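Peer 1: Quick one: structure below, then a few questions.
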Amino acid sequence: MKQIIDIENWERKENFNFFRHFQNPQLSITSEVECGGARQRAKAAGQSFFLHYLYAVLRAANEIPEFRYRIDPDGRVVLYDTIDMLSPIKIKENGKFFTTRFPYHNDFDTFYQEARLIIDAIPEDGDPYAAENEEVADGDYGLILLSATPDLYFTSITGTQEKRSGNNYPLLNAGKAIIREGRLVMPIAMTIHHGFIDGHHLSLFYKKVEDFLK
Amino acid sequence: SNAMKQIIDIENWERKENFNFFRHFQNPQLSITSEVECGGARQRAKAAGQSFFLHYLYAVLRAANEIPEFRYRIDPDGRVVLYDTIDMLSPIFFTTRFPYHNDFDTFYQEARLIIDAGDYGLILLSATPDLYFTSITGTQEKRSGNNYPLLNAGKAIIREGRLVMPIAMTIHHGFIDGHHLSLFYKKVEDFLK
Amino acid sequence: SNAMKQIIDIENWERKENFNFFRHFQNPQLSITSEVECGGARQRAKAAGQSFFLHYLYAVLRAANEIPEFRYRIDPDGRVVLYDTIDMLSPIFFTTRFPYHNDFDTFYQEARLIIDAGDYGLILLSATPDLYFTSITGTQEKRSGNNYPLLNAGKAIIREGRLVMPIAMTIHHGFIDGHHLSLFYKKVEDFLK
C-alpha cells in the first residue's frame with residue numbers, strides 16, 4: 001500500500017533529479033546510539049534485546065517519511081504507507097542464517113510477540129536469500145533490512161549496491177553493545193538513496209532510534 | 001572558470017603511475033572519516049560571538065589549499081589540472097560559495113556577508129551539527145569519480161574529556177595517498193584544537 | 001599454479017545462494033572498519049626489539065588463513081577458486097610479498113630478511129601508522145570487485161586506558177558475511193592481545 005508521487009510537486013523533485021544519473025546515488029553512514037535503557041528493560045522482561053533495537057530502528061523508519069520513499073520496479077518514485085523489516089536470523093553456529101520478514105506494529109508488545117513467534121517458526125535449513133528474492137519477485141520494496149553482528153563493534157560498514165539506481169530498499173547493520181565512558185552504546189550503519197534522504201533526515205533517524213533505546 | 005589552474009604535464013608528473021593505476025577503475029575513490037580536536041575553536045568562536053561553523057569550514061579550506069594534492073582535478077575533457085587555489089561550497093539548504101582567503105578574519109568577514117545574502121576548483125563540505133558519525137561514504141557521480149572532493153562534518157562531541165568532531169571525505173585515490181590524508185587532518189586540527 | 005587451489009563447484013557449494021545473490025551486483029563488495037586491542041603485541045615487540053608492524057601484519061594474515069571464507073577468489077576466467085593458503089602484500093613504496101608461515105617466529109625471521117633486500121592467493125594491507133581514522137572505504141577495480149581483499153591499518157591510539165588500532169577492509173559479500181568478519185576481528189585481536 002503506497003502512493004505514486006507526483007514528481008512536479010514533491011519538495012525533493014530537484015534533490016532526486018540531481019542524483020538520477022549517478023553511478024552510485026547512495027550514501028552509507030555509521031553512528032552510535034545509547035541503548036542502556038532497552039538492555040535493562042529486555043533483561044528484566046526476560047526478552048530478546050535484538051527485538052528491542054529491531055523495533056526501535058523499524059519504528060524510526062516508519063515515523064520519518066523520507067525513509068518510506070522507494071524507486072519501484074517500474075522505476076517510479078513511490079511512498080509506502082508502512083515499512084516492514086527483513087532480517088537475516090542466524091540459524092547455525094557456523095554463521096548460516098535465514099532471512100525473514102517482521103511486520104511493523106505501532107505497539108511494542110504486539111510487535112514483540114509476533115516477532116517471537118516468527119523466530120520460533122524459522123526453518124532449520126533454508127535458502128538464506130529466499131525472503132529477499134520473494135519481495136523482489138513481488139515488487140514489494142516497502143521494507144528495510146537489518147543484519148545483526150552482536151559480537152562485533154565496528155566503526156564503519158558500507159552497503160553493497162545491486163544496480164545503478166541503487167538498492168531496492170535501505171540496508172542496515174547493528175553491532176555489539178559496549179560500555180563507553182560508563183554508558184552502553186552500539187553502532188548502527190546504513191545505506192540509503194541520497195535522492196530521498198539528506199544528512200538532516202539521518203540526524204533525526206539516529207536521534208529517534210536512541211530516544212527509544214535510552 | 002576564470003580560475004588560476006595548470007594543465008599537468010603527465011609525463012613529468014610525480015604521480016603519473018599512481019594516477020594511471022586507477023584510471024580504468026569502476027570506483028577510483030576512497031572515503032575516510034577521522035576526528036579532530038576542536039575545543040580551542042569552540043572557545044575562540046564563543047569569545048568573539050562568531051559562528052563555530054565558519055571556524056571549521058575555514059580550517060578545512062585552508063588545509064586543502066596548503067596541500068597541493070587536494071587541488072588536482074580531472075577537467076571536463078578528462079585532463080588532469082592543478083588549481084592554484086580552491087574555494088568552498090556548502091549547503092547553508094542553499095549551496096553557497098565561499099572564496100578562500102589566506103587571512104581568517106577576511107575570510108570570516110566575507111563569509112558572513114555571503115551568508116547574510118567546468119569549475120572544479122572547489123571542495124564541498126556538508127555540515128550536520130546534530131549528527132555524530134564514525135563514517136560517511138559519499139556518492140559517485142561518474143566512473144572517473146566526482147568532479148571534486150566531498151566532505152561531511154558532524155557533531156562536536158566530548159570524548160574522554162576532549163571536544164572532537166568527525167570529518168569524512170571522498171577523494172580520488174590517484175591524487176591522494178594516506179600520507180596526504182594524515183597531513184590534512186593534522187592541519188585541520190592544528191587550526192581548531 | 002603452482003598454488004594449492006580448488007575450482008569451486010558452485011551448484012554443490014554451501015555458499016551457492018549467498019554467492020549467486022551478490023555476483024551480478026554493480027558493487028558486490030563491502031567495507032568495514034573495526035578497532036582491535038594491541039597493547040600486548042606493542043609491548044612484546046618493544047621488549048624483543050621487533051617491528052610492531054610485522055606483529056599486526058602477521059595477526060591479519062593468520063586470521064585470513066584460518067577462516068576459509070577469506071581465501072575465496074574469482075579467478076581471471078570468472079570462476080570461484082579457493083586457495084588453500086594465502087600470502088601478504090604490503091607497500092614498504094615497494095609492494096612486497098610476505099609468505100605465510102603457521103609459526104610467528106618463522107614468519108617474522110623471513111619477513112625481516114625480505115625487507116632487508118593471475119595469482120590472487122593474496123591479501124594486501126596498507127599501513128599508515130601516523131594516520132588515525134575511524135573509517136576507510138576502499139576502491140573497486142571492476143564490477144566483480146577487487147582481485148583480493150584490500151586492508152588499511154591506522155594509528156595505534158589509547159581509548160579508555162587500552163591501546164587500540166583501526167583495521168579497515170574491503171571484501172566480496174558473496175564470500176564473507178558479518179559472522180566471518182566478526183570472527184576475523186576476534187582472531188586478530190586475540191593475537192595482538
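Within each chain, counting starts at residue 1; across the C-alpha cells, chains are named A, B, ... in the order shown, with ligands numbered 1 upward in that order.
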Residual C-alpha RMSD for chain C onto chain B, least squares, all atoms in order?

Peer 2: 0.4 Å

Peer 1: When you get a sec, could you note down which chain C residues fall within 7 Å of chain A, using only C-alpha atoms, as a VMD selection string?

Peer 2: chain C and resid 17 to 18 25 to 34 134 to 135 178 to 179 182

Peer 1: Take the residues from that selection and write them out as a compact mmCIF listing (two decimals), in the first residue's frame, keeping N, CA and C atoms.

Peer 2:
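Final output, result-v2.txt:
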```txt
# COMPACT_ATOMS: atom_id res chain seq x y z
N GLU C 17 23.79 -20.06 -2.90
CA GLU C 17 22.80 -19.00 -2.91
C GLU C 17 23.30 -17.63 -2.41
N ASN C 18 24.22 -17.63 -1.45
CA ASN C 18 24.93 -16.42 -1.00
C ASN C 18 25.69 -15.76 -2.15
N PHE C 25 25.84 -8.07 -9.02
CA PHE C 25 25.68 -6.71 -8.49
C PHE C 25 26.71 -5.73 -9.07
N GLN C 26 26.27 -4.48 -9.30
CA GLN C 26 27.18 -3.37 -9.65
C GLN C 26 28.35 -3.26 -8.65
N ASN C 27 28.02 -3.39 -7.35
CA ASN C 27 29.00 -3.44 -6.28
C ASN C 27 28.67 -4.58 -5.31
N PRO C 28 29.34 -5.73 -5.46
CA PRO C 28 29.14 -6.90 -4.55
C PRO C 28 30.04 -6.83 -3.29
N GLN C 29 30.80 -5.74 -3.15
CA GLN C 29 31.73 -5.58 -2.02
C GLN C 29 31.16 -4.84 -0.82
N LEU C 30 31.78 -5.08 0.32
CA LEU C 30 31.50 -4.26 1.47
C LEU C 30 32.79 -3.87 2.16
N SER C 31 32.78 -2.69 2.77
CA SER C 31 33.89 -2.18 3.57
C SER C 31 33.50 -2.11 5.02
N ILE C 32 34.47 -2.48 5.84
CA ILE C 32 34.26 -2.48 7.26
C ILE C 32 35.52 -1.93 7.91
N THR C 33 35.31 -1.20 9.00
CA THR C 33 36.40 -0.81 9.88
C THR C 33 35.99 -1.19 11.29
N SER C 34 36.96 -1.71 12.05
CA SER C 34 36.76 -2.00 13.45
C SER C 34 38.08 -1.80 14.15
N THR C 134 38.60 6.44 11.74
CA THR C 134 37.53 5.60 12.23
C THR C 134 36.88 4.86 11.08
N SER C 135 37.24 5.23 9.86
CA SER C 135 36.67 4.63 8.67
C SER C 135 37.56 4.84 7.43
N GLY C 178 28.88 -10.92 7.86
CA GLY C 178 29.15 -10.33 9.20
C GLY C 178 29.67 -11.36 10.18
N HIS C 179 29.06 -12.54 10.20
CA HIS C 179 29.58 -13.64 11.01
C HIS C 179 31.11 -13.83 10.84
N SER C 182 33.22 -10.82 12.05
CA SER C 182 33.28 -10.82 13.50
C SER C 182 34.40 -11.79 13.97
```

Peer 1: Hey, which bits of chain C sit within 9 Å of chain B, and for each residue what's the closest pair of atoms and how far apart in Å (one decimal), counting only C-alpha atoms, rows by chain and increasing number, as CSV?

Peer 2:
```
residue,atom,partner,partner_atom,distance
C:126,CA,B:178,CA,8.9
C:127,CA,B:178,CA,8.5
C:128,CA,B:178,CA,6.2
C:130,CA,B:182,CA,7.0
C:131,CA,B:182,CA,5.1
C:132,CA,B:34,CA,6.5
C:133,CA,B:34,CA,4.4
C:134,CA,B:34,CA,5.4
C:135,CA,B:33,CA,5.0
C:136,CA,B:32,CA,4.5
C:137,CA,B:31,CA,5.1
C:138,CA,B:30,CA,5.3
C:139,CA,B:28,CA,5.4
C:140,CA,B:27,CA,4.8
C:141,CA,B:25,CA,4.3
C:142,CA,B:26,CA,5.3
C:143,CA,B:26,CA,6.6
C:145,CA,B:26,CA,8.9
C:159,CA,B:160,CA,8.0
C:160,CA,B:160,CA,7.4
```

Peer 1: For N, CA, C and O atoms, I'd like the residues from the last selection saved as a PDB file, in the first residue's frame.

Peer 2:
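Produced file selection_35.pdb, reproduced below:
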```pdb
ATOM      1  N   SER C 126      47.791  -2.061   3.715  1.00  0.00           N
ATOM      2  CA  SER C 126      48.480  -0.790   3.624  1.00  0.00           C
ATOM      3  C   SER C 126      48.414  -0.141   5.006  1.00  0.00           C
ATOM      4  O   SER C 126      47.332   0.105   5.543  1.00  0.00           O
ATOM      5  N   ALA C 127      49.578   0.081   5.604  1.00  0.00           N
ATOM      6  CA  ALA C 127      49.667   0.645   6.952  1.00  0.00           C
ATOM      7  C   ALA C 127      49.975   2.121   6.865  1.00  0.00           C
ATOM      8  O   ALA C 127      50.850   2.533   6.113  1.00  0.00           O
ATOM      9  N   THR C 128      49.244   2.930   7.612  1.00  0.00           N
ATOM     10  CA  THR C 128      49.582   4.348   7.755  1.00  0.00           C
ATOM     11  C   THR C 128      49.571   4.648   9.257  1.00  0.00           C
ATOM     12  O   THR C 128      48.582   5.166   9.766  1.00  0.00           O
ATOM     13  N   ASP C 130      50.768   6.699  11.341  1.00  0.00           N
ATOM     14  CA  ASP C 130      50.566   8.035  11.855  1.00  0.00           C
ATOM     15  C   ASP C 130      49.245   8.661  11.431  1.00  0.00           C
ATOM     16  O   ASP C 130      49.002   9.851  11.657  1.00  0.00           O
ATOM     17  N   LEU C 131      48.371   7.837  10.859  1.00  0.00           N
ATOM     18  CA  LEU C 131      47.037   8.271  10.456  1.00  0.00           C
ATOM     19  C   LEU C 131      46.002   7.631  11.346  1.00  0.00           C
ATOM     20  O   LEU C 131      45.765   6.423  11.241  1.00  0.00           O
ATOM     21  N   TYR C 132      45.385   8.408  12.238  1.00  0.00           N
ATOM     22  CA  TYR C 132      44.212   7.880  12.931  1.00  0.00           C
ATOM     23  C   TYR C 132      42.968   8.066  12.060  1.00  0.00           C
ATOM     24  O   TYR C 132      42.779   9.130  11.459  1.00  0.00           O
ATOM     25  N   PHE C 133      42.146   7.013  11.989  1.00  0.00           N
ATOM     26  CA  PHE C 133      40.890   7.040  11.265  1.00  0.00           C
ATOM     27  C   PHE C 133      39.877   6.156  11.955  1.00  0.00           C
ATOM     28  O   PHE C 133      40.236   5.245  12.681  1.00  0.00           O
ATOM     29  N   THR C 134      38.605   6.437  11.738  1.00  0.00           N
ATOM     30  CA  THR C 134      37.533   5.597  12.235  1.00  0.00           C
ATOM     31  C   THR C 134      36.881   4.856  11.082  1.00  0.00           C
ATOM     32  O   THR C 134      36.029   3.985  11.296  1.00  0.00           O
ATOM     33  N   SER C 135      37.244   5.232   9.856  1.00  0.00           N
ATOM     34  CA  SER C 135      36.670   4.628   8.667  1.00  0.00           C
ATOM     35  C   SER C 135      37.564   4.840   7.429  1.00  0.00           C
ATOM     36  O   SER C 135      38.048   5.942   7.189  1.00  0.00           O
ATOM     37  N   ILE C 136      37.808   3.769   6.681  1.00  0.00           N
ATOM     38  CA  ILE C 136      38.302   3.883   5.319  1.00  0.00           C
ATOM     39  C   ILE C 136      37.486   2.930   4.470  1.00  0.00           C
ATOM     40  O   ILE C 136      37.297   1.769   4.847  1.00  0.00           O
ATOM     41  N   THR C 137      36.934   3.429   3.367  1.00  0.00           N
ATOM     42  CA  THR C 137      36.322   2.507   2.426  1.00  0.00           C
ATOM     43  C   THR C 137      37.166   2.499   1.188  1.00  0.00           C
ATOM     44  O   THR C 137      37.585   3.555   0.691  1.00  0.00           O
ATOM     45  N   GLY C 138      37.399   1.301   0.680  1.00  0.00           N
ATOM     46  CA  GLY C 138      38.297   1.103  -0.439  1.00  0.00           C
ATOM     47  C   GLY C 138      37.693   1.292  -1.809  1.00  0.00           C
ATOM     48  O   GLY C 138      36.481   1.503  -1.981  1.00  0.00           O
ATOM     49  N   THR C 139      38.582   1.243  -2.787  1.00  0.00           N
ATOM     50  CA  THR C 139      38.224   1.380  -4.190  1.00  0.00           C
ATOM     51  C   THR C 139      37.613   0.063  -4.762  1.00  0.00           C
ATOM     52  O   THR C 139      37.463  -0.973  -4.065  1.00  0.00           O
ATOM     53  N   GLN C 140      37.217   0.129  -6.021  1.00  0.00           N
ATOM     54  CA  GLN C 140      36.694  -1.032  -6.703  1.00  0.00           C
ATOM     55  C   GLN C 140      37.171  -1.025  -8.141  1.00  0.00           C
ATOM     56  O   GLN C 140      36.759  -0.185  -8.939  1.00  0.00           O
ATOM     57  N   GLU C 141      38.017  -1.987  -8.460  1.00  0.00           N
ATOM     58  CA  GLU C 141      38.627  -2.052  -9.767  1.00  0.00           C
ATOM     59  C   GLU C 141      37.634  -2.415 -10.885  1.00  0.00           C
ATOM     60  O   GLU C 141      37.490  -1.687 -11.891  1.00  0.00           O
ATOM     61  N   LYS C 142      36.932  -3.524 -10.710  1.00  0.00           N
ATOM     62  CA  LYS C 142      35.949  -3.917 -11.706  1.00  0.00           C
ATOM     63  C   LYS C 142      34.612  -4.236 -11.074  1.00  0.00           C
ATOM     64  O   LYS C 142      34.499  -4.257  -9.848  1.00  0.00           O
ATOM     65  N   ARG C 143      33.600  -4.428 -11.915  1.00  0.00           N
ATOM     66  CA  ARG C 143      32.252  -4.732 -11.472  1.00  0.00           C
ATOM     67  C   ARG C 143      32.245  -5.926 -10.517  1.00  0.00           C
ATOM     68  O   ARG C 143      31.545  -5.913  -9.511  1.00  0.00           O
ATOM     69  N   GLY C 145      34.418  -6.771  -8.490  1.00  0.00           N
ATOM     70  CA  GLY C 145      35.126  -6.411  -7.274  1.00  0.00           C
ATOM     71  C   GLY C 145      36.626  -6.441  -7.490  1.00  0.00           C
ATOM     72  O   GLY C 145      37.106  -6.741  -8.593  1.00  0.00           O
ATOM     73  N   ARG C 159      42.376   4.209  24.082  1.00  0.00           N
ATOM     74  CA  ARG C 159      40.971   4.500  24.327  1.00  0.00           C
ATOM     75  C   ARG C 159      40.564   3.843  25.619  1.00  0.00           C
ATOM     76  O   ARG C 159      40.551   2.608  25.719  1.00  0.00           O
ATOM     77  N   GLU C 160      40.267   4.690  26.615  1.00  0.00           N
ATOM     78  CA  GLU C 160      39.889   4.265  27.960  1.00  0.00           C
ATOM     79  C   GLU C 160      40.934   3.323  28.550  1.00  0.00           C
ATOM     80  O   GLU C 160      40.607   2.243  29.057  1.00  0.00           O
TER      81      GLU C 160
END
```

Peer 1: Would you work out the distance separating CA of residue 209 (chain A) from CA of residue 122 (chain A), expressed in Å to one decimal?

Peer 2: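 CA of residue 122 (chain A) lies 26.6 Å from CA of residue 209 (chain A).
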
Peer 1: Tell me, which residues of region 30-111 of chain C carry DSSP strand (DSSP E), written as number ranges by chain?

Peer 2: C: 30-37, 72-74, 80-83, 87-91, 95-98

Peer 1: In Å, how far is it from CA of residue 99 (chain C) to CA of residue 165 (chain C)?

Peer 2: 23.7 Å

Peer 1: Write out as a list in words which residues come within 8 Å of residue 72 (chain C) when counting only C-alpha atoms, dropping same-chain ones fewer than 6 positions away.

Peer 2: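 Counting only the stated atoms, we get residues 80, 81, 82, 83 and 175 of chain C.
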
Peer 1: If you measure from CA of residue 55 (chain C) to CA of residue 106 (chain C), what distance in Å do you get, rounded to one decimal?

Peer 2: 12.1 Å

Peer 1: What lies within 8 Å of residue 54 (chain B) using only C-alpha atoms, ignoring chain neighbours under 3 positions off, as a list in words?

Peer 2: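 Selected residues are residues 51, 57, 58, 108 and 111 of chain B.
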
Peer 1: Quick one: residues within 6 Å of residue 88 (chain B), only C-alpha atoms counted, chain neighbours fewer than 4 positions away excluded, as a list in words?

Peer 2: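 My list of contacting residues is residues 97, 98, 122, 123 and 124 of chain B.
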
Peer 1: So, counting only C-alpha atoms, which residue among B:12, B:40, B:62, B:150 is closest to residue 107 (chain B)?

Peer 2: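 The closest residue to residue 107 (chain B) is B:62.
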
Peer 1: Please identify which residues in region 66-144 of chain A DSSP calls alpha helix (DSSP H) from the backbone, and express them as a ChimeraX atom specification.

Peer 2: /A:108-121,130-138

Peer 1: Those residues with N, CA and C atoms, as a PDB file, in the first residue's frame please?

Peer 2:
```pdb
ATOM      1  N   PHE A 108       4.654  -1.841  20.819  1.00  0.00           N
ATOM      2  CA  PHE A 108       5.803  -2.730  21.010  1.00  0.00           C
ATOM      3  C   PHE A 108       5.469  -4.177  21.396  1.00  0.00           C
ATOM      4  N   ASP A 109       4.565  -4.364  22.358  1.00  0.00           N
ATOM      5  CA  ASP A 109       4.201  -5.701  22.833  1.00  0.00           C
ATOM      6  C   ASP A 109       3.654  -6.575  21.716  1.00  0.00           C
ATOM      7  N   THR A 110       2.838  -5.977  20.856  1.00  0.00           N
ATOM      8  CA  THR A 110       2.276  -6.655  19.691  1.00  0.00           C
ATOM      9  C   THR A 110       3.388  -7.019  18.710  1.00  0.00           C
ATOM     10  N   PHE A 111       4.247  -6.044  18.400  1.00  0.00           N
ATOM     11  CA  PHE A 111       5.406  -6.297  17.538  1.00  0.00           C
ATOM     12  C   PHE A 111       6.282  -7.393  18.137  1.00  0.00           C
ATOM     13  N   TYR A 112       6.610  -7.245  19.420  1.00  0.00           N
ATOM     14  CA  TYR A 112       7.479  -8.178  20.111  1.00  0.00           C
ATOM     15  C   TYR A 112       6.991  -9.624  20.002  1.00  0.00           C
ATOM     16  N   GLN A 113       5.710  -9.838  20.313  1.00  0.00           N
ATOM     17  CA  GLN A 113       5.178 -11.195  20.403  1.00  0.00           C
ATOM     18  C   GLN A 113       4.992 -11.816  19.014  1.00  0.00           C
ATOM     19  N   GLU A 114       4.590 -11.020  18.020  1.00  0.00           N
ATOM     20  CA  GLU A 114       4.607 -11.527  16.637  1.00  0.00           C
ATOM     21  C   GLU A 114       6.024 -11.857  16.162  1.00  0.00           C
ATOM     22  N   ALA A 115       6.998 -11.011  16.518  1.00  0.00           N
ATOM     23  CA  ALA A 115       8.424 -11.267  16.216  1.00  0.00           C
ATOM     24  C   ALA A 115       8.903 -12.597  16.748  1.00  0.00           C
ATOM     25  N   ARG A 116       8.551 -12.865  17.998  1.00  0.00           N
ATOM     26  CA  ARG A 116       8.969 -14.064  18.712  1.00  0.00           C
ATOM     27  C   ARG A 116       8.419 -15.333  18.071  1.00  0.00           C
ATOM     28  N   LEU A 117       7.149 -15.294  17.688  1.00  0.00           N
ATOM     29  CA  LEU A 117       6.503 -16.409  17.009  1.00  0.00           C
ATOM     30  C   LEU A 117       7.159 -16.693  15.651  1.00  0.00           C
ATOM     31  N   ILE A 118       7.449 -15.635  14.887  1.00  0.00           N
ATOM     32  CA  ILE A 118       8.173 -15.752  13.619  1.00  0.00           C
ATOM     33  C   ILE A 118       9.537 -16.430  13.814  1.00  0.00           C
ATOM     34  N   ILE A 119      10.302 -15.987  14.815  1.00  0.00           N
ATOM     35  CA  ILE A 119      11.624 -16.571  15.094  1.00  0.00           C
ATOM     36  C   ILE A 119      11.583 -18.047  15.534  1.00  0.00           C
ATOM     37  N   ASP A 120      10.609 -18.380  16.389  1.00  0.00           N
ATOM     38  CA  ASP A 120      10.354 -19.775  16.770  1.00  0.00           C
ATOM     39  C   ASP A 120       9.979 -20.661  15.570  1.00  0.00           C
ATOM     40  N   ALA A 121       9.240 -20.101  14.610  1.00  0.00           N
ATOM     41  CA  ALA A 121       8.864 -20.833  13.384  1.00  0.00           C
ATOM     42  C   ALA A 121       9.968 -20.933  12.301  1.00  0.00           C
ATOM     43  N   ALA A 130      15.987 -16.407   0.029  1.00  0.00           N
ATOM     44  CA  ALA A 130      14.622 -16.639  -0.447  1.00  0.00           C
ATOM     45  C   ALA A 130      13.709 -15.463  -0.123  1.00  0.00           C
ATOM     46  N   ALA A 131      13.715 -14.992   1.129  1.00  0.00           N
ATOM     47  CA  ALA A 131      12.829 -13.887   1.546  1.00  0.00           C
ATOM     48  C   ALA A 131      13.050 -12.602   0.754  1.00  0.00           C
ATOM     49  N   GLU A 132      14.307 -12.266   0.501  1.00  0.00           N
ATOM     50  CA  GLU A 132      14.591 -11.089  -0.329  1.00  0.00           C
ATOM     51  C   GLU A 132      14.156 -11.284  -1.789  1.00  0.00           C
ATOM     52  N   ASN A 133      14.377 -12.472  -2.347  1.00  0.00           N
ATOM     53  CA  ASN A 133      14.044 -12.666  -3.751  1.00  0.00           C
ATOM     54  C   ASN A 133      12.533 -12.745  -3.969  1.00  0.00           C
ATOM     55  N   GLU A 134      11.832 -13.182  -2.927  1.00  0.00           N
ATOM     56  CA  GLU A 134      10.384 -13.155  -2.877  1.00  0.00           C
ATOM     57  C   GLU A 134       9.843 -11.722  -2.906  1.00  0.00           C
ATOM     58  N   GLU A 135      10.401 -10.832  -2.087  1.00  0.00           N
ATOM     59  CA  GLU A 135       9.956  -9.440  -2.088  1.00  0.00           C
ATOM     60  C   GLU A 135      10.252  -8.738  -3.415  1.00  0.00           C
ATOM     61  N   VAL A 136      11.422  -9.000  -3.987  1.00  0.00           N
ATOM     62  CA  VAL A 136      11.717  -8.542  -5.352  1.00  0.00           C
ATOM     63  C   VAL A 136      10.758  -9.145  -6.399  1.00  0.00           C
ATOM     64  N   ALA A 137      10.488 -10.444  -6.309  1.00  0.00           N
ATOM     65  CA  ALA A 137       9.545 -11.034  -7.254  1.00  0.00           C
ATOM     66  C   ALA A 137       8.135 -10.424  -7.105  1.00  0.00           C
ATOM     67  N   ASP A 138       7.764 -10.089  -5.878  1.00  0.00           N
ATOM     68  CA  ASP A 138       6.517  -9.395  -5.571  1.00  0.00           C
ATOM     69  C   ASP A 138       6.468  -7.912  -5.926  1.00  0.00           C
TER      70      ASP A 138
END
```

Peer 1: Show me, as JSON, numbers by chain, the residues that have an atom within 7 Å of residue 164 (chain C) when counting only C-alpha atoms, minus same-chain residues fewer than 6 positions from it.

Peer 2: {"C": [35, 36, 37, 38, 156, 157, 158]}

Peer 1: For C-alpha atoms, I'd like the residues from the last selection saved as a PDB file, in the first residue's frame.

Peer 2:
```pdb
ATOM      1  CA  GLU C  35      39.241  -1.416  16.265  1.00  0.00           C
ATOM      2  CA  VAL C  36      41.369  -4.160  17.818  1.00  0.00           C
ATOM      3  CA  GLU C  37      43.274  -4.075  21.108  1.00  0.00           C
ATOM      4  CA  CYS C  38      47.010  -4.370  20.513  1.00  0.00           C
ATOM      5  CA  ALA C 156      47.581   2.836  17.499  1.00  0.00           C
ATOM      6  CA  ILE C 157      45.655   5.035  19.974  1.00  0.00           C
ATOM      7  CA  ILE C 158      44.689   4.744  23.676  1.00  0.00           C
TER       8      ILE C 158
END
```

Peer 1: Show which residues sit within 12 Å of region 102-104 of chain B, as a PyMOL selection string. Count only C-alpha atoms, and ignore same-chain residues fewer than 5 positions away.

Peer 2: chain B and resi 54-63+65-66+85-87+109-112+191

Peer 1: May I have the selected residues written with C-alpha atoms, as a PDB file, in the first residue's frame?

Peer 2:
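Contents of out.pdb, freshly written:
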```pdb
ATOM      1  CA  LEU B  54      32.857  29.131   9.797  1.00  0.00           C
ATOM      2  CA  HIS B  55      35.890  28.261  12.020  1.00  0.00           C
ATOM      3  CA  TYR B  56      35.967  24.618  10.935  1.00  0.00           C
ATOM      4  CA  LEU B  57      34.870  25.462   7.381  1.00  0.00           C
ATOM      5  CA  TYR B  58      37.946  27.601   7.174  1.00  0.00           C
ATOM      6  CA  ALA B  59      40.206  25.016   8.866  1.00  0.00           C
ATOM      7  CA  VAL B  60      39.223  22.502   6.148  1.00  0.00           C
ATOM      8  CA  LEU B  61      39.522  25.001   3.285  1.00  0.00           C
ATOM      9  CA  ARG B  62      42.943  26.158   4.458  1.00  0.00           C
ATOM     10  CA  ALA B  63      44.308  22.579   4.778  1.00  0.00           C
ATOM     11  CA  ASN B  65      44.797  24.940  -0.021  1.00  0.00           C
ATOM     12  CA  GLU B  66      48.077  24.060   1.763  1.00  0.00           C
ATOM     13  CA  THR B  85      43.594  27.934  -5.152  1.00  0.00           C
ATOM     14  CA  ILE B  86      40.350  26.171  -4.128  1.00  0.00           C
ATOM     15  CA  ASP B  87      37.085  27.719  -2.834  1.00  0.00           C
ATOM     16  CA  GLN B 109      34.035  38.761   7.175  1.00  0.00           C
ATOM     17  CA  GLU B 110      33.343  37.843   3.541  1.00  0.00           C
ATOM     18  CA  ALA B 111      31.681  34.539   4.541  1.00  0.00           C
ATOM     19  CA  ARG B 112      29.304  36.347   6.935  1.00  0.00           C
ATOM     20  CA  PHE B 191      43.733  25.295  13.410  1.00  0.00           C
TER      21      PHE B 191
END
```
